[PDB]
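Colleague: Once you've had a glance at the structure underneath, I'll fire off some questions.
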Amino acid sequence: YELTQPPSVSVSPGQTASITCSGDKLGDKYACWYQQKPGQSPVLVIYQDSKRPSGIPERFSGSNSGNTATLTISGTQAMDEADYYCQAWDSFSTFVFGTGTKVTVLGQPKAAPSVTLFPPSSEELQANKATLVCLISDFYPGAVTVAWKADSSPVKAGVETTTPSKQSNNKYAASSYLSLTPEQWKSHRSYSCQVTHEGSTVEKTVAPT
Amino acid sequence: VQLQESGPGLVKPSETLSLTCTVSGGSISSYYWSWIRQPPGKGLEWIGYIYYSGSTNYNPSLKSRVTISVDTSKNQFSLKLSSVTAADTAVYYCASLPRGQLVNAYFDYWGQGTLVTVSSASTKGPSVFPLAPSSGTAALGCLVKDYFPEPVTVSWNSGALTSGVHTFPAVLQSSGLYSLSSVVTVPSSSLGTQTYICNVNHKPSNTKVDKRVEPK
């Protein structure tokens with residue numbers, strides 16, 4: 001038994017966002033709302049259908065009627081790019097949460113990614129290991145594609161890349177790791193990491209010295 | 001009110017997960033004390049709550065399984081289960097629920113969450129190497145590589161560096177282990193005249209490293 005809410009909601013800055021939590025029935029049941037930013041634990045944004053806790057701003061209101069509870073965000077801002085959960089009991093009568101809702105304020109400024117390529121340090125070399133570290137940050141939106149090369153030739157395997165993640169400045173952040181063996185590092189003219197972002201692409205290059 | 005959860009980071013299957021939450025003020029007997037879990041993939045689920053009288057209430061599908069205890073002399077309460085299986089991996093929060101009760105139940109004040117992974121595999125301490133800078137702003141970092149399980153905390157100069165610092169999420173590499181890297185952007189000029197230290201803390205293996213980064 002679970003409360004269904006959409007997994008996606010789309011919004012531009014300053015417009016109004018509405019999220020729907022839904023069971024059978026509701027209203028006669030009290031629906032509260034929790035907000036969860038990535039990496040952090042949730043925080044009460046709504047309790048008892050319409051009320052709001054202390055430390056939550058004017059622009060946060062939720063309603064409840066028939067078979068649908070809702071939450072409305074007047075003048076949606078960049079501070080509100082989190083997940084949103086519903087809660088009731090239903091119906092035996094332990095507690096149950098929503099399925100999760102992803103708000104997104106788009107129409108935000110673009111930003112070319114700043115890339116930084118670190119070569120394998122000394123320790124790892126003096127430990128029969130090598131790993132190249134490509135670091136991508138300060139970039140919006142977060143739809144990147146990473147490709148490695150040795151000399152001019154494109155590296156094939158031994159490559160592992162993270163999945164785009166949010167930051168602090170309401171941006172994104174990624175990393176790429178090239179798993180090598182010390183000869184492959186010492187026996188080449190150069191290694192390079194190329195990050196592709198929409199159309200703009202940025203490379204970085206290092207060489208054994 | 002402050003809540004802090006502590007317990008193991010790793011529990012092998014079919015054993016007994018043991019967690020403890022610790023509360024500050026409130027005060028006690030103003031709140032029911034509940035536990036909530038959230039798998040890393042996605043999803044939030046409630047398991048049970050307890051009151052200082054000893055009276056309890058658990059999630060039905062998880063009764064005969066979960067057991068919540070309480071000690072009102074040291075302001076803490078605990079969880080056990082059970083026989084833990086492989087699909088109980090989640091972030092566990094202690095949480096509060098108003099007295100009365102408040103039939104329109106809601107969870108005000110949560111913990112920060114403790115990630116408990118369950119696997120037949122064993123734990124592994126990290127191998128941390130320096131991402132030395134050089135060469136108006138330089139960037140230097142700490143590579144926490146091949147460790148298990150999540151999470152690992154990375155600070156700088158005992159938490160003195162909050163500016164220009166970013167810690168990245170881990171990556172599950174072919175080995176089946178985790179690895180991540182943290183970076184900091186500082187003035188170039190300063191380099192040579194200054195010391196930089198990444199403070200790595202990996203609790204499930206109880207190890208604590210403090211690597212030192214200096215330019216090439």
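Quick note on naming: the chains in the structure tokens go A, B, ... in the order shown, residues restart at 1 in each chain, and ligands are numbered from 1 in order of appearance.
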Need to verify the contact set: residue 75 of chain B, 9 Å, only C-alpha atoms, exclusion of same-chain residues closer than 6 positions in sequence. Can you return it as a PyMOL selection string?
Modeller: chain B and resi 21-25+28
Colleague: Pick out each residue of segment 40-188 of chain A that DSSP on the backbone tags as strand (DSSP E or B); I need them as an MDAnalysis selection string.
Modeller: chainID A and resid 43:47 51 61:65 68:73 83:88 96:97 101:105 111 114:118 130:137 140 144:150 153:154 159:161 165:166 172:180
Colleague: Save the residues we just selected, C-alpha atoms, as a short mmCIF file (atom, residue, chain, number, x, y, z; two decimals), in the first residue's frame?
Modeller:
```cif
data_model
loop_
_atom_site.label_atom_id
_atom_site.label_comp_id
_atom_site.auth_asym_id
_atom_site.auth_seq_id
_atom_site.Cartn_x
_atom_site.Cartn_y
_atom_site.Cartn_z
CA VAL A 43 13.23 18.54 6.86
CA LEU A 44 9.60 19.25 7.75
CA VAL A 45 8.10 21.68 5.25
CA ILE A 46 4.43 20.94 5.93
CA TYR A 47 2.54 19.44 8.87
CA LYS A 51 0.51 24.40 8.45
CA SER A 61 1.62 26.01 1.24
CA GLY A 62 -0.06 22.63 0.98
CA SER A 63 -3.72 21.67 0.63
CA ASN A 64 -5.80 18.50 0.95
CA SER A 65 -9.11 17.37 -0.58
CA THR A 68 -5.49 14.13 -3.34
CA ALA A 69 -3.27 16.17 -1.07
CA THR A 70 -1.20 18.86 -2.76
CA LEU A 71 1.74 21.16 -2.16
CA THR A 72 2.11 24.54 -3.86
CA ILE A 73 5.30 26.60 -4.17
CA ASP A 83 13.03 15.75 -3.51
CA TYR A 84 9.60 15.91 -1.88
CA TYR A 85 7.80 13.21 0.06
CA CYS A 86 4.24 12.71 1.25
CA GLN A 87 3.06 10.85 4.35
CA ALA A 88 -0.09 9.32 5.79
CA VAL A 96 3.73 5.16 4.92
CA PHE A 97 5.48 7.72 2.76
CA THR A 101 8.92 13.85 -6.42
CA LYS A 102 11.75 15.60 -8.32
CA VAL A 103 11.37 19.36 -8.70
CA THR A 104 13.59 21.16 -11.23
CA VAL A 105 13.96 24.89 -11.82
CA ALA A 111 28.26 27.47 -17.73
CA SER A 114 36.03 23.82 -15.59
CA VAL A 115 38.13 20.70 -15.99
CA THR A 116 41.28 19.74 -14.07
CA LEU A 117 43.38 16.66 -14.85
CA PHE A 118 45.59 15.19 -12.15
CA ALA A 130 48.41 4.53 -11.52
CA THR A 131 45.12 6.41 -11.77
CA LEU A 132 44.37 9.58 -13.71
CA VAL A 133 41.77 11.94 -12.23
CA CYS A 134 39.63 14.19 -14.43
CA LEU A 135 37.64 16.69 -12.40
CA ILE A 136 34.64 18.56 -13.80
CA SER A 137 32.95 21.42 -11.92
CA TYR A 140 25.18 23.84 -16.04
CA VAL A 144 28.44 15.65 -19.92
CA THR A 145 30.27 12.95 -21.88
CA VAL A 146 33.85 12.02 -20.97
CA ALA A 147 36.42 10.50 -23.32
CA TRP A 148 40.08 9.71 -22.65
CA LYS A 149 43.07 9.60 -25.02
CA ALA A 150 46.72 8.52 -25.00
CA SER A 153 44.86 7.55 -29.67
CA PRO A 154 41.61 7.17 -27.64
CA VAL A 159 37.82 3.88 -17.46
CA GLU A 160 35.24 4.53 -14.75
CA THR A 161 33.18 7.71 -14.50
CA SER A 165 25.74 15.23 -8.98
CA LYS A 166 24.46 18.50 -7.53
CA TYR A 172 26.66 20.12 -10.89
CA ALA A 173 29.91 18.15 -10.45
CA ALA A 174 31.54 15.08 -11.95
CA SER A 175 34.77 13.10 -11.99
CA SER A 176 36.45 10.49 -14.19
CA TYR A 177 39.02 7.88 -13.21
CA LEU A 178 41.46 6.23 -15.60
CA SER A 179 42.73 2.97 -14.14
CA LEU A 180 46.23 2.28 -15.42
#
```
Colleague: Taking only C-alpha atoms into account, find every residue of chain B that has an atom no more than 8 Å from chain A, and write it out as number ranges by chain.
Modeller: B: 43-46, 58-60, 104-113, 129-132, 168-171, 173
Colleague: Grab the residues selected above and save them as a CSV table (one decimal), in the first residue's frame with N, CA and C atoms.
Modeller:
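Written file, again_4.csv:
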```csv
chain,number,residue,atom,x,y,z
B,43,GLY,N,13.7,5.6,-2.0
B,43,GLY,CA,12.5,5.2,-1.3
B,43,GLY,C,12.6,5.4,0.2
B,44,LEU,N,11.5,5.8,0.8
B,44,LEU,CA,11.4,6.0,2.2
B,44,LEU,C,10.4,5.1,2.9
B,45,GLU,N,10.8,4.5,4.0
B,45,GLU,CA,9.9,3.6,4.7
B,45,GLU,C,10.0,3.6,6.2
B,46,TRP,N,8.9,3.4,6.9
B,46,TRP,CA,8.8,3.5,8.3
B,46,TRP,C,8.8,2.1,8.9
B,58,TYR,N,5.4,-1.4,15.8
B,58,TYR,CA,6.3,-1.7,14.6
B,58,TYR,C,5.5,-1.7,13.3
B,59,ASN,N,6.3,-1.7,12.2
B,59,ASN,CA,5.7,-1.9,10.8
B,59,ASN,C,5.3,-3.4,10.8
B,60,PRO,N,4.1,-3.7,10.4
B,60,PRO,CA,3.5,-5.1,10.4
B,60,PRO,C,4.3,-6.1,9.7
B,104,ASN,N,-2.5,13.0,13.6
B,104,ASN,CA,-2.0,13.5,12.4
B,104,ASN,C,-0.5,13.6,12.5
B,105,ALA,N,0.1,12.4,12.3
B,105,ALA,CA,1.5,12.2,12.6
B,105,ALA,C,2.4,12.7,11.6
B,106,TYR,N,3.5,13.3,12.1
B,106,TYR,CA,4.6,13.8,11.2
B,106,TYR,C,5.9,13.8,12.0
B,107,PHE,N,7.0,13.7,11.2
B,107,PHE,CA,8.3,13.6,11.9
B,107,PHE,C,9.1,14.9,11.8
B,108,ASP,N,9.1,15.6,13.0
B,108,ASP,CA,9.8,16.8,13.2
B,108,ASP,C,11.2,16.4,13.8
B,109,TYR,N,12.3,16.9,13.3
B,109,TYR,CA,13.6,16.7,13.8
B,109,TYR,C,14.1,15.3,13.5
B,110,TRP,N,15.0,15.1,12.6
B,110,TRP,CA,15.5,13.9,12.2
B,110,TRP,C,17.0,13.8,12.6
B,111,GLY,N,17.6,12.6,12.4
B,111,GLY,CA,19.0,12.4,12.6
B,111,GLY,C,19.7,13.0,11.4
B,112,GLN,N,20.9,12.5,11.1
B,112,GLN,CA,21.6,12.9,9.9
B,112,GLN,C,21.8,11.7,9.0
B,113,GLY,N,21.5,10.5,9.6
B,113,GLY,CA,21.4,9.3,8.8
B,113,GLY,C,22.7,8.5,8.9
B,129,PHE,N,46.0,8.9,-1.6
B,129,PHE,CA,47.2,9.4,-2.2
B,129,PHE,C,47.0,10.9,-2.6
B,130,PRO,N,48.1,11.7,-2.6
B,130,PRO,CA,47.9,13.1,-2.8
B,130,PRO,C,47.8,13.6,-4.3
B,131,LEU,N,46.8,14.4,-4.6
B,131,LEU,CA,46.8,15.1,-5.9
B,131,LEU,C,47.4,16.4,-5.7
B,132,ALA,N,48.8,16.4,-5.8
B,132,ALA,CA,49.6,17.6,-5.6
B,132,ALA,C,49.4,18.5,-6.8
B,168,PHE,N,33.8,14.8,-3.6
B,168,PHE,CA,33.0,14.2,-4.7
B,168,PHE,C,32.4,12.9,-4.2
B,169,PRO,N,31.3,12.4,-4.9
B,169,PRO,CA,30.7,11.1,-4.6
B,169,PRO,C,31.6,10.0,-5.0
B,170,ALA,N,31.5,8.8,-4.4
B,170,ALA,CA,32.3,7.7,-4.6
B,170,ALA,C,32.0,7.0,-6.0
B,171,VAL,N,32.8,6.1,-6.5
B,171,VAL,CA,32.5,5.4,-7.7
B,171,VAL,C,32.7,3.9,-7.5
B,173,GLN,N,33.9,0.9,-8.7
B,173,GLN,CA,34.8,0.3,-9.8
B,173,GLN,C,34.7,-1.2,-9.9
```
Colleague: Which residue is closest to residue 126 of chain B? Choose from B:184, B:81, B:198, B:143 and count only C-alpha atoms.
Modeller: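 Among B:184, B:81, B:198, B:143, it is B:143 that comes nearest to residue 126 of chain B.
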Colleague: Need to verify the contact set: segment 159-165 of chain B, 10 Å, only C-alpha atoms, exclusion of same-chain residues closer than 3 positions in sequence. Can you return it as a ChimeraX atom specification?
Modeller: /B:139-141,154-156,182-186,196-199
Colleague: If we count only C-alpha atoms and set the cut-off at 10 Å, which residues sit around residue 61 of chain B, ignoring sequence neighbours fewer than 4 positions away in its own chain? Please answer as a ChimeraX atom specification.
Modeller: /A:94 /B:47,65-66
Colleague: Determine, counting only C-alpha atoms, which protein, DNA and RNA residues have an atom within 9 Å of an atom of residue 197 of chain A; residues of the same chain fewer than 4 positions away are not included. Present the result as a PyMOL selection string.
Modeller: chain A and resi 112-113+139-145+201-202
Colleague: Please report the interatomic distance between atom CA of residue 79 of chain A and atom CA of residue 38 of chain B in Å with one decimal.
Modeller: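 Answer for the atom CA of residue 79 of chain A to atom CA of residue 38 of chain B separation: 23.0 Å.
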